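Asker: let me see the structure of the following:
(chains A and B)
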Amino acid sequence: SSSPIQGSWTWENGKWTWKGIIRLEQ
Amino acid sequence: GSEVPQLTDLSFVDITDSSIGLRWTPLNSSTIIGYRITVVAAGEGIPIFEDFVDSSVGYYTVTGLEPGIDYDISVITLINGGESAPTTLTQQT
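Answerer: Numbering: from 1, shown residues only, chains lettered A, B, ... in the order given. The protein structure is shown below:
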């Protein structure tokens, strides 16, 4: 199902972490 | 068309204003160990306390946030990993 908003995976610090603007928007 | 499960991307469910239903699907290869969710509030002199949940519970709930406030979150994935040294070229003259 489609979600209000979605980000993506980011590779950094020799580790995979999920980050973005802030909590789920709208 | 058969048993070939690829990497599953993270997904969000039960989204609210002061609460959200964070859910993720661990990788069969990813080490099965309790994960820690870190959250930071910007509209407060102090950030919210983290939480530790077993790996079996690929899902967790975090409430007590504030609307109209910028909350900085971070999903850290700590896992040992599968056995290293699979198949490579061995040095030999």
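
Asker: got the contact list for residue 10?
Answerer: In the absence of a named chain, this looks at chain A. A:16-19 (Cβ atoms under 8 Å, 6 or more residues apart in numbering or on different chains). For every residue, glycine as well, the C-beta is placed using N, CA and C.

Asker: you looked at the wrong chain, it should be chain B
Answerer: Each residue near residue B:10 by Cβ under 8 Å, 6+ apart is listed here: A:9, A:18, B:23-25, B:75.

Asker: swap in 7 Å and give it another go.
Answerer: With contact set as Cβ atoms under 7 Å, 6 or more residues apart in numbering or on different chains, residue B:10 has these partners: A:18, B:24.

Asker: from residue B:1, how far off is it?
Answerer: To residue B:1, residue B:10 is 26 Å away according to Cβ to Cβ, to the nearest Å.

Asker: do the same with residue B:37
Answerer: 37 Å.

Asker: for those two, indicate the residue with more neighbours.
Answerer: Neighbour comparison, residue B:37 and residue B:1: the larger count goes to residue B:37, with 17 against 3 (by other Cβ atoms under 10 Å in any protein chain shown).

Asker: find the nearest non-adjacent residue to the residue nearest the centre of chain A, please.
Answerer: Nearest to the mean C-alpha position of chain A, by Cα atoms, centre = their mean, lies residue A:7 at 3.9 Å. In space, residue A:7 comes closest to residue A:20 once its chain neighbours are excluded; the distance is 4.0 Å by Cβ to Cβ, 6 or more residues apart in numbering or on different chains.

Asker: same check, this time on residue B:48
Answerer: Closest residue to residue B:48 apart from its sequence neighbours, by Cβ to Cβ, 6+ apart: residue B:39 at 4.6 Å.

Asker: quickly find the element holding residue B:52.
Answerer: In this structure, residue B:52 is located in strand B:51-53 according to DSSP states H and E.

Asker: which elements pack onto that strand?
Answerer: Helices and strands in packing contact with strand B:51-53 are listed as strand B:35-41, strand B:59-63; criterion 3 or more Cβ pairs under 7 Å, 6 or more residues apart in numbering or on different chains; DSSP states H and E.
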